[PDB]
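In: first chunk of the complex, coordinates as they sit in the assembly:
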Amino acid sequence: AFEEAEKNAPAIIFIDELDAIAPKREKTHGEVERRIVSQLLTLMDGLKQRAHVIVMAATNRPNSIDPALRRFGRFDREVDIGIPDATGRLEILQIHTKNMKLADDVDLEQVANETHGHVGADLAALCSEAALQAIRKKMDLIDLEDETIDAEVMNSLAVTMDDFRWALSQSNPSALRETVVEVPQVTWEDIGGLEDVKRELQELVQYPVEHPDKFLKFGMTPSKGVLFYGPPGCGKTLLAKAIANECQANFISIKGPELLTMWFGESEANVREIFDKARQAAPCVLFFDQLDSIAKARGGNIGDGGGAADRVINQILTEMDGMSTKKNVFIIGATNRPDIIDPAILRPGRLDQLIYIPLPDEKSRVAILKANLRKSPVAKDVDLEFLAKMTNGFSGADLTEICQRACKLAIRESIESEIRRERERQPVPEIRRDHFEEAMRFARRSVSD
Amino acid sequence: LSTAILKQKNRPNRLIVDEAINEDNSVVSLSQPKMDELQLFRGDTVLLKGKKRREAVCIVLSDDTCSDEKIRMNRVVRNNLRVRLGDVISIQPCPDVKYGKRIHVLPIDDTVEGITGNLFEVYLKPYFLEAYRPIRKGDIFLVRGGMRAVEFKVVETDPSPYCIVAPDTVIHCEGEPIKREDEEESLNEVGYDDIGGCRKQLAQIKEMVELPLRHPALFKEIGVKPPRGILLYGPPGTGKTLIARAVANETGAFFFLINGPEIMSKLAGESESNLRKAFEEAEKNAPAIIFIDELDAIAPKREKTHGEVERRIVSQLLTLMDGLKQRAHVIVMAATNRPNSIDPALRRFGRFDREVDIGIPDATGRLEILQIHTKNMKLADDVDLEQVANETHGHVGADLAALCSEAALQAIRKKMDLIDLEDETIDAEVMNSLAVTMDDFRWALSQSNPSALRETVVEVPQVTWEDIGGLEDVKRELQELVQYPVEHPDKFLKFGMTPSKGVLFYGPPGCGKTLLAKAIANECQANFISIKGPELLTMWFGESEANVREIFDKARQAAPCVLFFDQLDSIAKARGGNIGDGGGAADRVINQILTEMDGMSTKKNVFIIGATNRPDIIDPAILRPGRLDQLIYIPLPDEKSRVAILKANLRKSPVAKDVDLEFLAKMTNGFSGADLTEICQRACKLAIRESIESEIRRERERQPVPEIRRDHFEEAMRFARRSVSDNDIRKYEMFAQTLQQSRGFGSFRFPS
Amino acid sequence: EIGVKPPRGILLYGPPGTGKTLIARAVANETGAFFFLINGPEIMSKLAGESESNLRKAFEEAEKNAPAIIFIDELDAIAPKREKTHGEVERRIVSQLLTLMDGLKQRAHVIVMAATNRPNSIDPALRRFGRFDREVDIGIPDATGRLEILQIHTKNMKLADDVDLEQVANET
């Protein structure tokens, strides 16, 4: 190959997936692979004498490349093809839609804005999905088994903004395909109370991203961390669900111990990779539910155990430190046992902001009861203010349990009425006061003093 | 809208298949008004389109008995078109059919036996003389006459593939007989109709593999390429390989199959060469589909793969699917159980651009699967596949095939009285009388159990809601708990509240918690996974939480599923209570359980039931609603309950009428149910001792106790002891009273 | 007539010595089928691509001697869970076994029988319908059964008149 490139000079050599042929020589356990890497190094050296050959390569695991091949005279100049910006995604969409028969109402600026972690494969996928939607709308007009298609349908067939909205609904970044979780639809209206917490969350998200120049000008680095701590059932994971559904930032929801693995060195690799793909999809929110699993106070269990949890927390802290201010990765942790968190997590620069999610007060309890029963048929004579007065220390989970108990009692009554109807043949419009009283006689307080 | 591609729209060419009364193999009958609609003259040849890419030519006929919407068509033409009765077939007039010059005929081997004369002399010669009948390749027809009519297969046609029969045309029967097994294989071909459930998934798959090839003008005019890569993922047995087989059998594209480990080779560069040969062969052959079964075998993550061969194979695949030289009209399909094991660069738009989730079907889907699998089986009238679809909860489609096969084996076992294994052949009477009844399906249902749950299968001792005495309120709560969300989700949607799905039984030892779990396991209509407390924990790092994750995942797949933790306090304990325990492996297990039961993922019909003696040590985040919503206290039975317990234990046992169980209950104060069962067992032991002693004394004299009497209970009670002391009762009462006082109100009533 | 293909995969499980190998051999001899034995560890090969190559060659031979009974002794060693094991070779072995047993191309007329002391260590996908239809538990025999076993091993050896195999049949 190199001789052929020299013979027809000036020439360009392209080595697609360089990391396939050029791994680290110390790591490689084969003799033929080491011969390949050394032959590559030799030909790179001989290249400089070669008058007019330029060698170009591509890889998406650059660190896997042998360290010798990134020195002077061998791949000495490197180009970083990063994730595009909003203008970049607009250009990519304009490139990919130029042949497509776009309608008039379609605007590519909104599409470019809504796609956050997309890289260009994702945007091409988006345009292809929009086209499939536009075709699907016509499957009523012309069927598949049909031999031909009416030319009128072909003329009418075009891509509208509704197709792009559908594609945007389905589209998710290729990077985040692993970490996607089906999250229940939770809107800020579904949460009762915590209004100050909601506003603080929205601000702490959008301020460092939309306006970083002012954060520079005043000389203050933005916070990249929040910790939610509070009693169980008070709205931490609920706020995480709300942020995932509503806020226009990529969301990575991870359980605590999903990262940990028995094999040596794997756990830290998982931590590095998850922070990495939070970086690739930024602006992103990285959520550690039950943070008291992976970030536990170092040294208390130092004597007993394999000792890998220490390396896991060190890798987390190293990723939190190495993360740049300009990169917009927000890290949120939830813990209902805040003491057993490592203090080093709580030091400045990492999970700085501590948001205490208290037991709801009376107004917040009214808001919670109204939120749970917003979609539910509720009798008018049910007085939610009295329920909030009577449930003085109840957590939001307890109030949801009360509403679900009332639902069960009403369902039981309606089932009995139906059984009566089928028995005589051979009821319950909504949830009433008596159901709520029968439910409240069971109501218990989840959080002790 | 999503499944708009699957619709038929009642096209006038599509016609319902119906039986033909008098038509022969090369002719069919259609009603005269329909032939008026179709501009079809009598006696014309027509080209009929059928399922699985089969075309046949028959002579149209006018029938007054035939209906307009039905097409009358005999066994031969249907078995040619691979169509069952009631299916829809397309009809079009055959254009410029040219009289066949030479045609080759080969008969079926099972029919040729027992015939003396030459087949062409006897059957082919008169049938093909003055016939003027069109025929096509791949056609199997039966000609009447002779001692046995012989079925004939149209192997070769010149001109290919369809041609009319002329007297000057030469008819020769020379060649090998066509194997009947091969004809059966041709008939038993999987098609898009053989996939049940997964209508939306099949719609997307058809939109990718069928629509571009059928109507490339659509994508040419809309000015963008169709997606060209499908990754079918799902749990094992949901029908990914089946969808691949259907795609292969029912597409015009060249289909090239790759199985994962087949690529592997010792020689360096040989596996990459096999992959390149596969893709090159697909490229040479016009539109093509490549299916890579078990992709995760040959496409692991390059970061996590140690071997150089596997990393080079992944890189070769990446470069082939999307490289500097693009594919030309090649679709790559892949099926994998573990999609997250696939290398992340394969999961972008260039290579595997849409991933299709072949998930566990719902009730309607598994009913459709049952119909698909029982179409061939001859079923009685009592059989109700809808009931079987309801009773099977976590089955994925391979389990339903197993259920149907097991029902048929049970039907055959019912007939081994008459049938002989020793006899070589079976009489016609029993074989004709052989059929599958609903009892056979009930037996199969009893044995059936999802394959995903085979790991977590434990025998239960066949307890019933009758065997438990007392606890009426608890019994009703548990029955409602498990039955409402599965039987009447309509009510929950109408009231707009998610069900409560957590129960914790705490109470003194012996009082009926594991018994209630056995009753739920046998009685409730949902899958049951029984977990002992500490069977999840492992010495390996991070594997205990992995076991927790996989058991909760098994529960989610087999939903509705009841997950019972026999001793919750072992696995669930307050975090930070211990000094050692690894690096807090116990606390990590607690956190994993907390996240599984109420986390950011959406909820399924998984009911978690925990039983504990010591509910005070349990982590309070476990006891909050949303995780173990209700704390049910199973106390020491009271006197009515003790009567009920004694009646339940002695219900199957012959007992004397003099025995006053009411008095036994009145005396046994503070006794648990286990103690009363011990009293009954002791009475049984004393009775058995007396019985054996009587037997021995009879054996002595030669060389009594039909039922347990009152003296036996007197002795057994004299031995009996109370198991739960007053101190234990006080501790449990303390927990119960703390929970009650947590409310702060004796009772609650709304203002007037 | 009834319309169902017979179950073609059998897994025998029970402690060592319960006779799973000899049960398989007896079934192979008494029926008109060639007995082709596969042992787990001997299939396990060192280089990449020889293990599942040996599996392919074994299935191909057993198809050549159609009809035949393939007995895979120690299936737990050859086919552990793909999620559990870290080594690639074991995962590729399990995938090849799945493909050979049930795939877009399936076995036509062979019955596959595997023996394992512990069935839970088997990868679950093997325990599916299409592949290992039925699991037969060969356990410790009861009194009558061990009476039969004692008679069988004692047929060749001469026995005195005082010998009563019921004594040992109850005792063991």
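Out: On my side now, so go ahead. Numbering: from 1, shown residues only, chains lettered A, B, ... in the order given.
In: For the stretch 1-150 of chain A, just list every one of the helices.
Out: A:2-7, A:18-21, A:31-49, A:86-96, A:108-114, A:121-136 (DSSP state H, counting those that start in this stretch).
In: Tell me the buried residues in the first one?
Out: Buried residues in helix A:2-7, counted by 16 or more other CB atoms under 10 Å in any protein chain shown: A:2, A:5-6. Where you see a C-beta, it was placed from the backbone N, CA and C, and this is true even at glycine.
In: for the fourth one, same thing?
Out: Using 16+ other CB under 10 Å as the test for burial, helix A:86-96 gives A:88-93, A:96.
In: Ok, the longest one next?
Out: For helix A:31-49, the buried set under the neighbour-count rule, 16+ other CB under 10 Å, comprises A:33-34, A:36-37, A:40-41, A:43-44, A:47.
In: Format the residues you listed as TSV; extra columns: distance to residue A:198.
Out: Formatted as TSV, these follow (distance: CB to CB, whole Å):
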residue	distance to residue A:198
A:33	56
A:34	59
A:36	57
A:37	55
A:40	56
A:41	58
A:43	61
A:44	57
A:47	60
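In: Among these, which one sits closest to residue A:75?
Out: residue A:44 (7.3 Å; CB to CB).
In: interface residues of chain A facing chain C?
Out: residue A:263 (CB under 8 Å from any CB of the partner chain).
In: Could you look up the SS state of the residue of chain A at minimum distance from chain C?
Out: Here the residue of chain A nearest chain C is residue A:263; by CB to the nearest CB that distance is 6.1 Å. Three-state call for residue A:263 (DSSP: H, G, I helix; E, B strand; the rest coil): coil.
In: Pretty sure it sits against residue C:87.
Out: No: counting by CB atoms under 8 Å, residue A:263 does not reach residue C:87; the two are 11.2 Å apart.
In: Please enumerate the shared neighbours of these two.
Out: Common contacts of residue A:263 and residue C:87 (CB atoms under 8 Å, 6 or more residues apart in numbering or on different chains): none found.
In: ranges for the strands of the stretch 301-449 of chain A?
Out: Listed in chain order, the strands of the stretch 301-449 of chain A (DSSP state E, counting those that start in this stretch) span A:329-335, A:353-356.
In: Highest mean neighbour count out of those strands?
Out: Of all those, strand A:329-335 has the most neighbours on average by mean count of other CB atoms under 10 Å in any protein chain shown, namely a mean of 25.
In: circling back to that earlier point, of the strands of the stretch 301-449 of chain A, which approaches chain B most closely?
Out: strand A:329-335 (9.2 Å).
In: who does that closest one pair up with?
Out: strand A:225-229 (parallel), strand A:284-289 (parallel) (DSSP bridges).
In: Just the C-alpha atoms of the shortest one, please, in CSV.
Out: What it means is strand A:225-229. The C-alpha coordinates for strand A:225-229 follow below in CSV (Å, rounded to 0.1, in the frame of the first residue of the first chain):
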residue,chain,number,x,y,z
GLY,A,225,-23.3,19.7,41.4
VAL,A,226,-26.5,19.3,43.4
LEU,A,227,-27.3,16.9,46.2
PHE,A,228,-30.9,16.1,47.1
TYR,A,229,-31.2,14.8,50.7
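In: include chain D too:
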Amino acid sequence: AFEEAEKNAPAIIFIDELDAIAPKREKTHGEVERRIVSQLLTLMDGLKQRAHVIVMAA
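Out: Following on from the chains above, chain D is added here:
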């Protein structure tokens, strides 16, 4: 090794430190240990081959 030994009709097979070759199955996690134990078992099940092959362990 068993093949070469069984080629010789009269044979005394001496294994030194069998315990290292075959420790207990449940004692060690290593799957290659289970495979080595099972291979030893299948070889020793039919070592006799109706022949003078005998095996000694140390």
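In: Report the buried residues of stretch A:133-153.
Out: Buried-residue list, stretch A:133-153, by 16+ other CB under 10 Å: A:133-139, A:142-144, A:149.
In: need those in JSON lines with distance to chain D, can you?
Out: Listed next are these as JSON lines, based on distance: CB to the nearest CB, whole Å:
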{"residue": "A:133", "distance to chain D": "50"}
{"residue": "A:134", "distance to chain D": "54"}
{"residue": "A:135", "distance to chain D": "51"}
{"residue": "A:136", "distance to chain D": "50"}
{"residue": "A:137", "distance to chain D": "55"}
{"residue": "A:138", "distance to chain D": "56"}
{"residue": "A:139", "distance to chain D": "52"}
{"residue": "A:142", "distance to chain D": "58"}
{"residue": "A:143", "distance to chain D": "55"}
{"residue": "A:144", "distance to chain D": "50"}
{"residue": "A:149", "distance to chain D": "58"}
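In: list the contacts for the closest residue to residue A:303 other than its chain neighbours?
Out: The shortest distance from residue A:303 to any non-neighbouring residue, by CB to CB, 6 or more residues apart in numbering or on different chains, is to residue B:580 (7.9 Å). Applying CB under 8 Å, 6+ apart, we find residue B:580 in contact with A:301, A:303-305.
In: List the beta-bridge partners for residue A:12.
Out: With DSSP bridges as the rule, residue A:12 is bridged to residue A:54.
In: Of all residues in the stretch 101-250 of chain A, which one is closest to chain D?
Out: residue A:178 (27.7 Å).
In: Then chain A?
Out: residue A:262 (10.0 Å).
In: Tell me the backbone dihedrals of that residue, please.
Out: phi -70, psi -40 (degrees, to the nearest 10).
In: what's the answer for residue A:260, then?
Out: The phi/psi pair for residue A:260 (degrees, to the nearest 10) is phi -70, psi 140.
In: starting at the chain centroid, how far to stretch A:367-374?
Out: Relative to its chain's centre, stretch A:367-374 lies at 27 Å (CA atoms, centre = their mean, to the nearest Å).
In: try stretch A:429-446
Out: That offset, for stretch A:429-446, works out to 38 Å (CA atoms, centre = their mean).
In: same question, stretch A:229-249
Out: With CA atoms, centre = their mean, you get 13 Å for stretch A:229-249.
In: likewise stretch A:25-42?
Out: Going by CA atoms, centre = their mean, where stretch A:25-42 is centred and where its chain is centred differ by 39 Å.
In: same question, stretch A:318-337
Out: The chain centroid and the centroid of stretch A:318-337 are separated by 14 Å under CA atoms, centre = their mean.
In: Repeat that for stretch A:313-320.
Out: 20 Å.
In: now do stretch A:4-11
Out: Distance, centroid of stretch A:4-11 to centroid of chain: 47 Å (CA atoms, centre = their mean).
In: now do stretch A:23-40
Out: Centroid displacement of stretch A:23-40 relative to its chain, using CA atoms, centre = their mean, is 38 Å.
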